[PDB]
Each structure stands twice: as structure tokens, then as C-alpha cells.
Amino acid sequence: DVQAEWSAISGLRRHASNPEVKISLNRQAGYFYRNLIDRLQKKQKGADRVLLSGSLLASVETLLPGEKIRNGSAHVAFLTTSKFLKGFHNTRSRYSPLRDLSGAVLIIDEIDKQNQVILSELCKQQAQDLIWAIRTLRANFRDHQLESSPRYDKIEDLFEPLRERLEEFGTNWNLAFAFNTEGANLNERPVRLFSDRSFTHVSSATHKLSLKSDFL
Amino acid sequence: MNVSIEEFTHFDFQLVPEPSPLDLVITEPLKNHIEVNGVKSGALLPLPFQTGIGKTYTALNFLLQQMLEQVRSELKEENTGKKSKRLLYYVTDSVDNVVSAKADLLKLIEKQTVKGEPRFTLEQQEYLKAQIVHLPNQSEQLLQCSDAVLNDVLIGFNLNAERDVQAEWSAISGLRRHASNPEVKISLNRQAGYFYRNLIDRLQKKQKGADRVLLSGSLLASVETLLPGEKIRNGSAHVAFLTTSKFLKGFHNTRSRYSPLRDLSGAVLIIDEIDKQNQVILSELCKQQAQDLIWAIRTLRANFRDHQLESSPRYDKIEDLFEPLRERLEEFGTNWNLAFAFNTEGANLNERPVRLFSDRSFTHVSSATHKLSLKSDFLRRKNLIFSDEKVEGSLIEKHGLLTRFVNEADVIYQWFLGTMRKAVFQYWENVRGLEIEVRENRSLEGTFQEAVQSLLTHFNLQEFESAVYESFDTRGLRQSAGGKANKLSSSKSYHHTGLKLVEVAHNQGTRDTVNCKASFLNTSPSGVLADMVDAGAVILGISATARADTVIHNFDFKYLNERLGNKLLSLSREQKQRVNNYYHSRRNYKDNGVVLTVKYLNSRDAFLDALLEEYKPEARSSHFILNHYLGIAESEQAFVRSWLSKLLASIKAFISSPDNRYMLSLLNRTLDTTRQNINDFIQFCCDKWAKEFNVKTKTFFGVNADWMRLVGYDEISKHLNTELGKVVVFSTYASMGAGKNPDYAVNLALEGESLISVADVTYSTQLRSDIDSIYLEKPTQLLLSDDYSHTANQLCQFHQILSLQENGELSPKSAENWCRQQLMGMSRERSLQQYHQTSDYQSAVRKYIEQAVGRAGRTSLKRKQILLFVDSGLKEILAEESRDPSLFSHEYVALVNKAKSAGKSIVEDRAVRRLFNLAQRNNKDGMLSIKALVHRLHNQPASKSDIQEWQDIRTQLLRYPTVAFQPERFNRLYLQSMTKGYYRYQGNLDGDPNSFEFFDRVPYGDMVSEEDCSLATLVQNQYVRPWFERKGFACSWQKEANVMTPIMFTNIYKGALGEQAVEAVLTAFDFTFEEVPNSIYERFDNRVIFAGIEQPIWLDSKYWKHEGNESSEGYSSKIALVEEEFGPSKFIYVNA
Amino acid sequence: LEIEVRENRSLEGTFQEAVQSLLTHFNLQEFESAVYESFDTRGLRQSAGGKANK
DNA sequence: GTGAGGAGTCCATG
DNA sequence: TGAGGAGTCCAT
């Protein structure tokens, strides 16, 4: 598979003159890297650690310029704000600059405009179904237990209040059932809610909505 | 213009062309089948045909007649009832066959005439040509459509506003225009496939209610062009042409993906080359995802504890289908402490993984030096895997075993899937009838998807959607109340049981936990075909070698003939005679002067070394010439020398012929540029031999698929009818199976005045010819293998081994040895060595030879002398054939007759060996099943299934000692015997089951018959005789060739007879009997109460003065357990 | 407290192993993607400063 | 009618 | 140490 994809990309590379090859070339060069780097990282994880020396080290460094930081060859970098908030790959895994900033120097030009970039990056978070997550957590946090070893010391004590809270929540809100809408005027338009977690609350309905539990 | 059905109002629907004898063989068995069984049934009918006579003509005429009958049924319809249109399929294994078949059908529709007058008009032809569709893969469908169609489709659904779709479409459109260089094609194909997937997904998700865009006008035509499958759903067309893989996968319409294997009621299926269909089905079944058993079990146990379903009329009679699964999950969770993770312990376990294999019935192997256990520690919160002790463990196993864990996990998983399928069926049944609401499609597709989602959402879960959607296509036709059940009270076979594979190793990243992957295989292609016929479907299969005796290269007709029953239609003798006469008339080789010459060739070293010393004079010895000029090393010289000598002998014998100008060689290897030295050797040898006797010779090198799709096979035909000389071509067995038709037309000027017609009354606009010299090499590598991944190969090998064991060609000892050696690791040569000792190998070789010689003559203009050259290893085999020689072509009979006229030795019949092996297998299965059932019974009873099975087996064995016909329900309790009524045997009933012997080989062994049980002296008592007639028992053993197995004659029958006799004699007097409770089951016989003395009493019985040699400690323990159960008691031991 | 095997490294090195171990032990493996996006030493995607709405 | 009144870009994933 | 090779779908 790797040879097939590499051969296709290499053949497509040799005719990158007219301006319709470029778009496809970029869009598949964006997918070759993921598979190649994933295989390279998985191979080096726990077994068959192939040593790096000679021209092989130079080739890997040329393919992965972020590798030179881990060994210590270079300690100065140039990159943009979008790449800064994501991280770069090395032979082991991805390295996030924001998780370690002790003793560093940052130079930013046009610092004011970075607010918009950070706002754009913060607004791509994926959504989540609350009912499914709460029910899954309530189900799996009932009997399962952790190990008793020196490497797992003073970790269980951090999960007790969560267990005490989840069972009370489930008993009070009847999470053994599911949810559905009843009555007219609620089947043609959805319901939307908004809150700022402190004191601002708005609703998208004329009247207030209530929840009920039916035992039949 | 849009034509309609009204144009057929004035048409003679009774006038039909004159039938042919080949066309009368199909219609009469179907007419008889309709009278016998009914209108709603299935049938499998293999038709042995040949190249030459019009197979395609017959099939296409059948299709056309079906279409016309549908038109007739529609004309007198819409006034008395209404129903959907019947579906007709044409399935093969290659695209070129589909294209050619469609073109031939269209040409036949256009150009058919009757009584000198055309059968159809223009409007009728145009209506008939609009009922057929062709469904290629998703990559070619996108490239077939034009820009306007996609533009209108995008605009109509309002999808041009998006950015990703527009960019991808722009990229594809830009790349398509310059699709001339052979470098941009592959990326174009891949991108087209991905874009088609995304576009179809968006279109399907848009039309899920809400803003359902109405289809009419140009938009409808464009959508139908883009999606040919919508025509079937709306009702435009009802005839489809497609390959096998697309049939197994499915196709798309504007609502969902339609699987053709879910609704076969009705339908007609025409299949060509059914053996390759078997192989393709097997290759498809081996690609499937694995599963982590621990994760699935802990998820099901967690999410089946509190969550509940809704109590509405829609969801009625569904919740009661899940209680046993919940109870079993609770018991499984509490038994093995599923609140902790799993980990290994000790050395020698992290070095290599642990692998386990099982056939689910009686075969188990393990790649572990010692048995591995499972222990639970309450101070570390873990479950540990340890090897105990090397010397037999130094104790008794009381901690548990891994194999039991794996088996119960698999059982629970399969149970869950089956319960889901049943629940969804009940949901559709409930929804369709009542609850008047918006009804659009009252069928099994939309209800299928809605039921699956609704049932999965209520029970949380939602992670098993893929495991349920991809498991319906195979497992939804099971549960036929006897068709698939693993019990001693039901039919058992490998073809609906399967196998299993498990691997245990570390996780990713973590160094404290382990997982258990599992790869399954739930059925075989024979089961798939049987389920296709069982659901109701008419299947027609055309092949010259349909009923062969290979289970590896064909289906298993012994299983199909035992499952289907009367639904497997077969021809009669007179129909075969008519077919033979029709073939003879058009291939009347005799009465004209056509001869066939057959020779067998051996090797000769003097020939070869004289050749090399004549063409390499500067060298000293032949060996040095080989290593230097030709390249063969010293390790593998003899093989090359022998093969080259055998080839050169045939070539030299062919060249020295006056009136022959064509010859092809069928080898096992390709003589490409990698063997240029051998190519040059053969080239100048042929050049010298052509200079000896004055004639011109041309040699063709490298006939491959890559050469037949880049240069063309018409070059050879063109060179023959324009120039003079001889041509010799080199090909392989597999390459000649594609493309076909090696014909050159005519040139009378260059002909050698020798060409004779063979037919009786024939006139043709054009004339052709065929080959007149063939050399055949012995086939090699006759064992299946898979290149997709690594697990598929193992699955295929285990499937082949288990199929061979079930058929009867292998004993259980060899099967277990082969399975163990394969699990540990084997080479290909050692795999072929063990296959070369069976009877299927010769059948496969013979079938390959027959097929190779069958595809050489397709015309009726032949030459007077035909040369056939064969090897000697083939001569060893071809002399052994005993069948009906009616439809055996003309070259095949010559080969067999020439090989037979040499004497040779005799061959042991297959039936004797098969009987011995089947008896051994039945004994082994019975032993293991009985032991497992007894062990389960002595634990907590759980009642229901186990007690009922025990009593049913006892009653059945009491009623029928011997049966006349082959049983269908309990087939693992009887064996076939050479002598009727009794048989001989020897062996140990408490040791290795692979050490038994039967029949002739043991003339001094023990005996199973009517006299040994002494039933004659047991019926003479006055208080026992009427009991037998009251209960319907058998007072004598009827003489039939099916008797109880040795295991079922000692451990079951005697106890039942003794218990019945003691019950009769005691009930004759003033006594009472009852049944024992659950906890004391199998530890006593019954309970007796009389005279008001309660003092609970139990008794035991023995048929004879049996000395069980059981220690008094066990009896004392049983008595103590009984006492502490109740208290004071009395016990009685009775001999019968 | 262990130093049984020589690995050295900092919190950035032994970060995937801990998450995988805890998630495997607690039978919550569908939350792996959601636990990496908002993960760091402390915060950077979940509040800041006082870290208390009181 | 009544508010006001448009180009430009970085990167990841089949 | 026995045996000693090409050909072909379809989807993500």
C-alpha cells in the first residue's frame, strides 16, 4: 500500500507544470505524510528500535526538522501562530510548546492582531451529547477499580467525590430511562438555550419548559 | 419519446420459434418441479454443457422468454390484484463477460426473426431495451457521467454553496481533462471513488425527510444516469447485469444501500462458472474485523444492568427476548471477577504470545508448553495468568482455564447478535400491520435501519452498529430450527458451525494490561448457497464440470443433496442421450476421416547434452555451460534439465510434420525477459531444426495478460492467413483462461490442401479454424492461498483442513497433527506434501486437464491429423477413471484410452476408507460431547435444556436401535457398517479417542450386536413385556445398515434398559416412584414413598453385576452430602 | 519512587502512558480524543486564574 | 419600506 | 526437507 501511494505521488510529481496538477498534488501530499509518520512512530514505540547513524540520521532530520530539537542540534525556531498552537512532530510523538514554557523567550510582531487568530482557533471545538456521556460515566464508575501498586499511589483518593456525586445525580434525575418531546408546537422547531455560567440566561421559547418522569 | 406497454396489445403471444433439444432440457424439469412442490420454492439445476453448442443462445432465450411472460402478466393486470415486478439477475466473475453478455442480448433482441418476418417492431424493441441496467463500481460510474449531469445534480439539491465540495469537484474536473498520460489515471480513480462516496452520502442524508426534493423532468433523468439503482426502486427496469463481488456488497439508491441477499422471495439467478464463484465467496468471507472479547463483555455487563425499554404497543413482545442473556451476563460477571483487569506473570510468557484454536465441536489445540491458568488476587486487584509448575503443575487444577473463558465469551457474543436479529424482525412485524400513520415503504429495509437504531439507542450501547450491520448479510438466514444448532439433538456439520482464532498479547503503551483479539468464520460457501436456495430462489448454473468430486475446488454436493432434499433437480438418461446426439451431429468426427494421435514423453540426458555441446563448442562440459551461459545454479539443475528435455522433444517432433502449422504450449511458468538465456536456447534449437527440414518457423515469446491487453491476440490470427510457415506460441494454464477465442479465419491459397468440414448440414458467411497441436504439462501449486493480510491465509488453510476432514478423506489423527503443525508454523512445501496423499489431488488434476483440452476447438473446420503430447506423471493418473463416458468430448476419451492400454496396478476404493474415517469421527464427537454434557450436568443444573436433552437422547436410543435410512436429526449417534446388524471393534473407552479400529482390521475384537445386550431374556418376564408395548420400545433389532456407536452402546443403553426393567418390576407390585430434585440430579435414580414412612429414600440400579470399582470414599461422600441436605434417610442398591 | 527501568524524560515524555493506563483500567476508552484536546500541566483550555466560581 | 452597505488566510484530515 | 506460479474485484 505504501509503495502504491508513493509510486502514484512520484508519478504525479514529474508533471507538475500546468496549473491543475498542483491542487491534487498538495491534497495527496497532505495525506501521505500522516500515514508515513504514523507508521514511523509506531515502529519506534516499544520494539525494533532501529539505530540512527550516518546518512540515515541526515535523511530523517531532513524529513523531520523538529527532530533536531530533542537531541540538541538546534534550539532556535521560526514558525507562525497557527503552527505554534498545534505542535510539530518528532521521531517519538508530537510536541506541544504550550505544555512547557519554563525559561523561554518569545518575540511577537503585530501582537494586537493575534487576538483574532486565537479566537478563530478556539471556535472549532467538537460538540458532545451530554446524556450519553453522563450515562456512560454512571455505568462504568460503579464497580471497576484501580490497581494497588507503588506506581499507583494516591490516585484513587482523587476519584471518590465524583463517585458520590454521580450516583446521587442518577437517582435524582432517573437516568435509567430516555427522553422524548410531547405535545404540539415542539415538533416543528427545536429548542435552544444559552448561559454564561454566572448570571446571564436566555431561552428560545415563549413559555418555560419542564421535565417529567413516568413510571408506566 | 416515452413508449408504454400499450404497444403490445395486438401481438401473437402464442407464436414461438422452433425449440432445440438443448432448449427442451431446461423447461421440462421446471414444469415437473412446479407440479411436485409448488409455485413458491427454490431449485438448483446444474447443466453440463460444452463450448461449441449454444450455451449463451439458450441462456439469453430463457431471459427473453421470461421478459415476455412478465409483459403478458402485466397486460392482463392492474384490474385483478397488484404486485411488484420479478427480478432477473445475470452474475459472473469478470467484467468482460458482463459486457459481452449485454451486447449479445441486445443484438439478439434486435435481429431476431421468425418465418422470414421480424418478430418485433421499432417501438416494441425500444421498450424491451429499456428494462436492463448495468452496475459497475463506484469509480467508473463517476467517470462515465458528463459535466452537465453533475452540474444539474449539484444545482438542484443546492450544494454549490459549500466550499469543500466545490474545491474537490474543481480539482477532479481539472485533472480529468488531461487523462491521456498513463500517470494521472490512478490518482484520478482514487479521488473519483472518494468524491463519489462523499456526494452520495450527502444526497442520501439530504432526502431523509424534511425537504424532500421532488424528482421530475431533467433532474430525474440526470439522477437516474448518476444512480442506475433508482430505476429498480421506482420500477423502470427489472433486469440487472453485475459481477459476484458487487452482488455480495450491494448497490445504492436515493434512500439507502440495497442488499440483494435480504429479499430473495421470487427472483431468478443465472450463474456462469460456479466453481470460481465458490472460490470468490471463500475469499470474500476471510476479510473481517477482529474483536476484543474483554471490552465487549465488560460493556455488555455494564449496560444491561439497569437500562430499560419502553412499554408501548410498538415495542410489545420484545423485552421478553432478553432475560436469559441478562441472567447469563450477571453469572459470568460474578464468576470471574470482572471488576479487575488482566495481566500476565512470570518468565517465558512475555517472550512469545499465546495462541488458541478451536473448531467449536471436538478439535482444540494450543501453542503452550504447559496448560495456562487464571488466578484472582484480592490484595493487588488484578487477575493473573501464570504457568503453575512445569512438572504437571505439582497440584490439581482448581483455579480455572483460559479456554473456558474464551469459549463462554464467544458464545455470549453470538447470542447477543442473534437476539438482536430476532428483535428487529419482531419490530417489523409489529410496525407494518397496525398503527395507521405515514406509510411509504412497508418492507424490510427502512424498517431494518429504524429498528436497529431504535433498539440500540434505548440500551445505550451504540458501539455495535458496525457489528450488526455487517453481520446481517451472512447470519440473518440462520436459526431455521435445525438448520444451525450445536447440540446432540440437532443436525451437526462444519458448513454451519465455523472456527475461531484468538491471540493474547500486551496493549499499546501500557505495560500492565493484556487483551484478547478474536477472528471468526461463521459459515462456508456451501452454507451460503443452501441458504440462498432455502429462502426461495431459482438458481441456474452452467458449467462443463459442475458435479466434480473436489471439495477444495468446488462445492460439497454430498451436503447439498442431504440438506435440500428433493429441490436438487437432475437430468434423466434420455435427455443426456439427446444432448449427446445433438453434440455428435455437429461434431461428427467419424464418417469423415479425422484421426487423433496421442504420445507420452519422458526425459533423456543425451539429447540435451548433445545439444549444448553442439551449440557451445568452446566449453568443456555441459554443467559449466549451464552455470555460466544459462544461469541455473548447482542446487536445482535436474528439474530444469528434465523440463527442458521434455519441451524440446515435443518441439522437434512437431517441426518435422508436413501438414501442420499451429501449436501452443501450456506450462506453469512465464518465459518472460527473466529467462532470456533459456529463450535463446530454445530459439536457436528451433532455428536449427527448421534448417534441417525445409520449412519456415516463427516463435512467439511472452504471452501474458499484460501482453494480451497491450499488443493484442489478433496478431497471431493475422499472421497466419497472410504469410506462410509455422508458428509456435508459449503460454500458461492461468493466462489462457482470460480473453479466449484463439481463432484464425481463412486463407485457402496458403492452405496445405488439407481441410475437411465435420458438420452435416451447415452454411456460414465466414469460416474459421482452431489449433492442431497441444503439449500439456503437469499442473503445480494446487492449494489455495490468500494475499490480503496475514490472518486470512491462516483462516483459509484451517478451512481447507477442516473441510477435508469432514468430507472423509482424512483421519482425525492426521487432522490434529496438521492443525498443530500449522499453528506452530509450516512451509509451503510441507503443506503440499500432506495434500499429495489424498484422493482430491487426482480429481483436481484431471479436471484441470479436461478444462484445458476442452477450450482448444471451437469451430467445425478441422485438420485431418491432430497431435497431442502429454507428460508421464499425468500418465500415472489418467489411467484411473471410472465414470459415464457419454459427455467426455473426443480428445479426453482418446487420452484416457491411450493411458489405460498399459496394464498397471489396481486402486483401493474410496468408499471403504471414507466409511472407516467417518466411523472414527462419529465415535470421537460422541465421546467428547457426552463428557462435556455430563460435566455440565453435575454442576448447577439450570434445568430446561440439559435435562430435556438427556431424556430425549435416552428415549430416542431406547426406541430406535438401528435405523433404515440416513438420519437427519440425530446423525452423530449412528455409523454405517459393512455388515447389516452387527460390527466388530476394539479400543479403550477412557483414553485416546484417536486409537480405535473397526471392521476387517479387528477380527478378534469386541462385538456390538443383539445377543450381547441379552434383550431376548429381558422380555420373557410377565411384568416387563406389556411395559415395552405400552411405551413403544423395540423388542428386537431390525436388520439395517446403521447401528449405535461403541460409546453409545455401553454408557447409555444399558442404564436405560436396567432402569426400565427395575421400574416395571417394582411398579408391578405395590410401589410408587417420583423424580429427584435438582441438586441431587444424576446422583440417584428416583424417589420412592410408601406406607406413610416419609424418611426420604433414593435407589440406584445396575443392568448387570457391574463392578464399577468406585472407591467407598466417593459413596460415603455422596451419602454424607445427601444426609446434610435432608437428614435421616434410607438407600437401596439393586441389580437387574 | 520507582526508577526500576531507565527512561529519564519529563512530564512531556510520560504523558500518553498514564492516560492510556487509567483509561484502560477504568473501561473508558471512547474518551481518549476528548481528554487530549484540553490537556496540559494545568489548564490552558479550561479556565484560568482563580479557578473557582465562588 | 428600516436598519447598513466585503475581502482575506493557516492547517489538518480519506 | 520436503516442493519447485499467475490473475482478479471493490471499498475505504
# chains A, B, ... in the order shown; residues from 1 in each chain; ligands from 1
call {"tool": "residues_around", "arguments": {"residues": "residue 2 in chain E", "least_positions_apart": "2", "cutoff": "12 Å", "atoms": "only C-alpha atoms (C1' of nucleotides)", "output": "VMD selection string"}}
result
(chain B and resid 826 to 834 836) or (chain E and resid 4)
call {"tool": "interface_residues", "arguments": {"of": "chain D", "to": "chain A", "cutoff": "9 Å", "atoms": "only C-alpha atoms (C1' of nucleotides)", "output": "list in words"}}
result
residues 10, 11, 12, 13 and 14 of chain D
call {"tool": "closest_residue", "arguments": {"among": "A:90, A:55, A:3, A:96", "to": "residue 12 in chain C", "atoms": "only C-alpha atoms"}}
result
A:96
call {"tool": "interface_residues", "arguments": {"of": "chain E", "to": "chain B", "cutoff": "8 Å", "atoms": "only C-alpha atoms (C1' of nucleotides)", "output": "JSON, numbers by chain"}}
result
{"E": [2, 3, 5, 6, 7, 9, 10]}
call {"tool": "write_last_selection", "arguments": {"atoms": "N, CA and C atoms (P, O5', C5', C4', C3', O3' and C1' of nucleotides)", "output": "mmCIF file, in the first residue's frame"}}
result
data_model
loop_
_atom_site.group_PDB
_atom_site.id
_atom_site.type_symbol
_atom_site.label_atom_id
_atom_site.label_comp_id
_atom_site.auth_asym_id
_atom_site.auth_seq_id
_atom_site.Cartn_x
_atom_site.Cartn_y
_atom_site.Cartn_z
ATOM 1 P P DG E 2 13.434 -34.543 0.679
ATOM 2 O "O5'" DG E 2 11.957 -34.515 0.068
ATOM 3 C "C5'" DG E 2 10.873 -35.064 0.808
ATOM 4 C "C4'" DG E 2 9.881 -33.981 1.191
ATOM 5 C "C3'" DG E 2 9.185 -33.307 0.023
ATOM 6 O "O3'" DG E 2 8.021 -34.042 -0.337
ATOM 7 C "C1'" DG E 2 10.017 -31.663 1.524
ATOM 8 P P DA E 3 7.425 -33.932 -1.825
ATOM 9 O "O5'" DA E 3 6.863 -32.438 -1.901
ATOM 10 C "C5'" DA E 3 6.328 -31.942 -3.115
ATOM 11 C "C4'" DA E 3 6.546 -30.445 -3.222
ATOM 12 C "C3'" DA E 3 6.499 -29.890 -4.640
ATOM 13 O "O3'" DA E 3 5.204 -29.370 -4.924
ATOM 14 C "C1'" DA E 3 8.227 -28.876 -3.277
ATOM 15 P P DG E 5 6.737 -23.913 -10.456
ATOM 16 O "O5'" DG E 5 5.703 -22.702 -10.340
ATOM 17 C "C5'" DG E 5 6.167 -21.360 -10.372
ATOM 18 C "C4'" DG E 5 5.070 -20.435 -10.863
ATOM 19 C "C3'" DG E 5 5.319 -18.949 -10.624
ATOM 20 O "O3'" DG E 5 5.702 -18.326 -11.866
ATOM 21 C "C1'" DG E 5 3.048 -19.610 -10.080
ATOM 22 P P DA E 6 5.367 -16.784 -12.184
ATOM 23 O "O5'" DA E 6 3.831 -16.820 -12.618
ATOM 24 C "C5'" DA E 6 3.201 -15.658 -13.112
ATOM 25 C "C4'" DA E 6 1.823 -15.993 -13.648
ATOM 26 C "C3'" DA E 6 0.938 -14.780 -13.935
ATOM 27 O "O3'" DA E 6 0.237 -14.961 -15.156
ATOM 28 C "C1'" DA E 6 -0.171 -16.242 -12.469
ATOM 29 P P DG E 7 -0.511 -13.718 -15.846
ATOM 30 O "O5'" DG E 7 -1.852 -13.544 -14.990
ATOM 31 C "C5'" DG E 7 -2.769 -14.621 -14.878
ATOM 32 C "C4'" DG E 7 -4.063 -14.162 -14.230
ATOM 33 C "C3'" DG E 7 -4.320 -12.652 -14.281
ATOM 34 O "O3'" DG E 7 -5.611 -12.416 -14.835
ATOM 35 C "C1'" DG E 7 -4.690 -13.486 -12.107
ATOM 36 P P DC E 9 -11.282 -8.272 -12.753
ATOM 37 O "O5'" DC E 9 -12.151 -8.198 -11.424
ATOM 38 C "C5'" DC E 9 -12.488 -6.963 -10.875
ATOM 39 C "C4'" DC E 9 -13.582 -7.131 -9.851
ATOM 40 C "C3'" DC E 9 -13.962 -5.863 -9.128
ATOM 41 O "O3'" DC E 9 -15.262 -5.996 -8.617
ATOM 42 C "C1'" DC E 9 -12.856 -7.295 -7.628
ATOM 43 P P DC E 10 -16.329 -4.825 -8.844
ATOM 44 O "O5'" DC E 10 -16.395 -4.106 -7.419
ATOM 45 C "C5'" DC E 10 -16.451 -4.894 -6.232
ATOM 46 C "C4'" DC E 10 -16.111 -4.057 -5.011
ATOM 47 C "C3'" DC E 10 -16.196 -2.553 -5.227
ATOM 48 O "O3'" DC E 10 -16.718 -1.933 -4.072
ATOM 49 C "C1'" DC E 10 -14.001 -3.127 -4.562
#
call {"tool": "residues_around", "arguments": {"residues": "residue 3 in chain C", "least_positions_apart": "4", "cutoff": "12 Å", "atoms": "only C-alpha atoms (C1' of nucleotides)", "output": "number ranges by chain"}}
result
A: 150-151; C: 7-9
call {"tool": "select_by_dssp", "arguments": {"residues": "range 574-636 of chain B", "states": "alpha helix (DSSP H)", "output": "ChimeraX atom specification"}}
result
/B:574-586,605-615,622-625
call {"tool": "closest_residue", "arguments": {"among": "A:179, A:169, A:152, A:141", "to": "residue 28 in chain C", "atoms": "only C-alpha atoms"}}
result
A:141
call {"tool": "atom_distance", "arguments": {"atom1": "CA of residue 664 in chain B", "atom2": "CA of residue 901 in chain B"}}
result
26.7 Å
call {"tool": "closest_residue", "arguments": {"among": "B:186, B:902, B:488, B:655", "to": "chain A", "atoms": "only C-alpha atoms"}}
result
B:186
call {"tool": "select_by_dssp", "arguments": {"residues": "range 18-211 of chain A", "states": "strand (DSSP E or B)", "output": "PyMOL selection string"}}
result
chain A and resi 88-89+94-95+193-195+201-203
call {"tool": "interface_residues", "arguments": {"of": "chain C", "to": "chain B", "cutoff": "9 Å", "atoms": "only C-alpha atoms", "output": "list in words"}}
result
residues 16, 17, 18, 20, 21, 24, 25 and 27 of chain C
call {"tool": "decode", "arguments": {"residues": "range 142-178 of chain B", "atoms": "N, CA and C atoms", "output": "JSON list (two decimals), in the first residue's frame"}}
result
[["chain", "number", "residue", "atom", "x", "y", "z"],
["B", 142, "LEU", "N", -18.68, 7.43, -11.82],
["B", 142, "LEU", "CA", -18.41, 8.87, -11.81],
["B", 142, "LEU", "C", -17.76, 9.31, -13.11],
["B", 143, "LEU", "N", -16.81, 8.53, -13.62],
["B", 143, "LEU", "CA", -16.12, 8.89, -14.85],
["B", 143, "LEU", "C", -16.99, 8.72, -16.09],
["B", 144, "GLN", "N", -18.08, 7.96, -16.00],
["B", 144, "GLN", "CA", -18.99, 7.81, -17.13],
["B", 144, "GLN", "C", -19.86, 9.04, -17.34],
["B", 145, "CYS", "N", -20.29, 9.69, -16.26],
["B", 145, "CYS", "CA", -21.20, 10.82, -16.36],
["B", 145, "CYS", "C", -20.48, 12.05, -16.92],
["B", 146, "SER", "N", -21.25, 12.93, -17.54],
["B", 146, "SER", "CA", -20.70, 14.15, -18.13],
["B", 146, "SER", "C", -20.79, 15.31, -17.14],
["B", 147, "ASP", "N", -20.23, 16.45, -17.55],
["B", 147, "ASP", "CA", -20.23, 17.63, -16.68],
["B", 147, "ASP", "C", -21.63, 18.18, -16.45],
["B", 148, "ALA", "N", -22.48, 18.16, -17.48],
["B", 148, "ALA", "CA", -23.82, 18.73, -17.35],
["B", 148, "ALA", "C", -24.65, 17.99, -16.31],
["B", 149, "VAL", "N", -24.55, 16.66, -16.29],
["B", 149, "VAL", "CA", -25.33, 15.87, -15.35],
["B", 149, "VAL", "C", -24.97, 16.23, -13.91],
["B", 150, "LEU", "N", -23.67, 16.29, -13.62],
["B", 150, "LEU", "CA", -23.23, 16.63, -12.27],
["B", 150, "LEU", "C", -23.59, 18.07, -11.92],
["B", 151, "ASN", "N", -23.49, 18.98, -12.89],
["B", 151, "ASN", "CA", -23.85, 20.37, -12.63],
["B", 151, "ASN", "C", -25.33, 20.50, -12.26],
["B", 152, "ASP", "N", -26.21, 19.85, -13.02],
["B", 152, "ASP", "CA", -27.63, 19.89, -12.70],
["B", 152, "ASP", "C", -27.93, 19.21, -11.37],
["B", 153, "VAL", "N", -27.26, 18.09, -11.08],
["B", 153, "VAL", "CA", -27.49, 17.41, -9.81],
["B", 153, "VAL", "C", -27.08, 18.31, -8.65],
["B", 154, "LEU", "N", -25.92, 18.97, -8.76],
["B", 154, "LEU", "CA", -25.46, 19.85, -7.70],
["B", 154, "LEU", "C", -26.39, 21.05, -7.53],
["B", 155, "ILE", "N", -26.84, 21.64, -8.64],
["B", 155, "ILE", "CA", -27.67, 22.84, -8.57],
["B", 155, "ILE", "C", -29.04, 22.50, -7.99],
["B", 156, "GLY", "N", -29.62, 21.37, -8.39],
["B", 156, "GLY", "CA", -30.96, 21.03, -7.95],
["B", 156, "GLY", "C", -31.07, 20.83, -6.45],
["B", 157, "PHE", "N", -30.04, 20.25, -5.84],
["B", 157, "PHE", "CA", -30.04, 19.99, -4.41],
["B", 157, "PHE", "C", -29.42, 21.11, -3.60],
["B", 158, "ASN", "N", -29.00, 22.20, -4.25],
["B", 158, "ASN", "CA", -28.41, 23.37, -3.58],
["B", 158, "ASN", "C", -27.17, 22.97, -2.78],
["B", 159, "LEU", "N", -26.17, 22.48, -3.50],
["B", 159, "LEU", "CA", -24.91, 22.06, -2.89],
["B", 159, "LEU", "C", -23.71, 22.83, -3.41],
["B", 160, "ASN", "N", -23.90, 23.76, -4.35],
["B", 160, "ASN", "CA", -22.79, 24.57, -4.84],
["B", 160, "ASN", "C", -22.38, 25.66, -3.85],
["B", 161, "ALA", "N", -23.19, 25.92, -2.82],
["B", 161, "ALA", "CA", -22.84, 26.94, -1.84],
["B", 161, "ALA", "C", -21.70, 26.49, -0.93],
["B", 162, "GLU", "N", -21.52, 25.18, -0.76],
["B", 162, "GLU", "CA", -20.45, 24.68, 0.08],
["B", 162, "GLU", "C", -19.10, 24.90, -0.58],
["B", 163, "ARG", "N", -18.05, 24.87, 0.24],
["B", 163, "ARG", "CA", -16.69, 25.16, -0.21],
["B", 163, "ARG", "C", -15.88, 23.90, -0.49],
["B", 164, "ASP", "N", -15.96, 22.90, 0.39],
["B", 164, "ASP", "CA", -15.18, 21.67, 0.21],
["B", 164, "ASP", "C", -15.61, 20.93, -1.05],
["B", 165, "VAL", "N", -16.93, 20.80, -1.26],
["B", 165, "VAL", "CA", -17.44, 20.08, -2.42],
["B", 165, "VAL", "C", -17.02, 20.77, -3.70],
["B", 166, "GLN", "N", -17.13, 22.10, -3.74],
["B", 166, "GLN", "CA", -16.76, 22.85, -4.93],
["B", 166, "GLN", "C", -15.28, 22.69, -5.24],
["B", 167, "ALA", "N", -14.42, 22.77, -4.22],
["B", 167, "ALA", "CA", -12.99, 22.63, -4.44],
["B", 167, "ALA", "C", -12.63, 21.24, -4.94],
["B", 168, "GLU", "N", -13.21, 20.20, -4.33],
["B", 168, "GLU", "CA", -12.93, 18.84, -4.76],
["B", 168, "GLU", "C", -13.41, 18.61, -6.19],
["B", 169, "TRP", "N", -14.60, 19.10, -6.53],
["B", 169, "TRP", "CA", -15.11, 18.95, -7.88],
["B", 169, "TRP", "C", -14.26, 19.70, -8.89],
["B", 170, "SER", "N", -13.79, 20.90, -8.53],
["B", 170, "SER", "CA", -12.92, 21.65, -9.42],
["B", 170, "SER", "C", -11.61, 20.90, -9.66],
["B", 171, "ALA", "N", -11.04, 20.32, -8.61],
["B", 171, "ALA", "CA", -9.81, 19.55, -8.76],
["B", 171, "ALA", "C", -10.02, 18.35, -9.68],
["B", 172, "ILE", "N", -11.12, 17.62, -9.48],
["B", 172, "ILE", "CA", -11.39, 16.45, -10.30],
["B", 172, "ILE", "C", -11.62, 16.85, -11.76],
["B", 173, "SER", "N", -12.38, 17.92, -11.98],
["B", 173, "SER", "CA", -12.64, 18.37, -13.35],
["B", 173, "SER", "C", -11.36, 18.82, -14.03],
["B", 174, "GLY", "N", -10.48, 19.50, -13.30],
["B", 174, "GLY", "CA", -9.20, 19.89, -13.87],
["B", 174, "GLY", "C", -8.33, 18.69, -14.22],
["B", 175, "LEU", "N", -8.30, 17.69, -13.34],
["B", 175, "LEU", "CA", -7.46, 16.52, -13.60],
["B", 175, "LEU", "C", -8.02, 15.64, -14.71],
["B", 176, "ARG", "N", -9.34, 15.65, -14.90],
["B", 176, "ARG", "CA", -9.96, 14.74, -15.87],
["B", 176, "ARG", "C", -9.58, 15.10, -17.31],
["B", 177, "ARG", "N", -9.44, 16.40, -17.60],
["B", 177, "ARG", "CA", -9.28, 16.83, -18.99],
["B", 177, "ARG", "C", -8.00, 16.29, -19.63],
["B", 178, "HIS", "N", -6.92, 16.17, -18.86],
["B", 178, "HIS", "CA", -5.66, 15.66, -19.37],
["B", 178, "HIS", "C", -5.41, 14.21, -18.97]]
